[PDB]
């Protein structure tokens, strides 16, 4: 049983899918269109021989996050994997950064990770097994201007991830944080557009520029690729891979 937050879109959907395909029962979560979401839940459950549940908890609130985990154990019988992926973005200079936006990014991008982890650990320890996979970002290791809340939160996730690993040292549980580079999800398309209109160029020229500025390989990372990474971390080969970061950024953090 694997619970993946914000798994109704982009990266989360990729990791949810890739885990289903490994025989794990999935608990979807996130927003968007209800009809399309049910179509995703049913599809995955019938495309792979596994139980797929949907819990639309709003992770911007601790209780709701812990609630998602307790109810996930109550309806699935157990929780093996917790992929804390749900996240949002907002760009502006520090002095123009709305407090409300700062609060929202910290509550979802960082605090949800704490609440989910805190509710999951008790079940994982008692069962002698556990896999906590936090979706941080290259921005959990380096920074970019105008993304203070995001960079702070992502760095927070990396830090919290390490603590989780140390508290669970050898108990059959491991906590890690994938740190993706650009992934052309809706979260990045909004920026591509912003860049496209900023320099009066077309949607595809801005995409290439935004990509070359940070990504050496000049190629976007994929949810499927990220799913493959999440699956590996879930594997037995990664039994001793804990409290670390795994960068899938095509050279972003190398230079």
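Positions refer to the first chain, counted from 1.
- Checked against the record, the higher mean CA B factor of 42-50 and 23-31 lies with 42-50.
- Remark: stretch with higher mean C-alpha B factor among 142-150 and 160-168 is 160-168.
- Comparing the C-alpha B-factors of 36, 58, 55, 209 in the entry, the top value falls on 209.
- Looking only at 155, 74, 115, 90, the residue with the top Cα B factor in the deposited structure is 74.
- In this PDB entry, residue 182 carries a Cα temperature factor that places it within the middle third of its chain's modelled residues.
- Split the chain's modelled residues into thirds by C-alpha temperature factor. Residue 108 is in the lowest one.
- Per-chain ranking of the deposited C-alpha B factor places residue 124 in the highest third.
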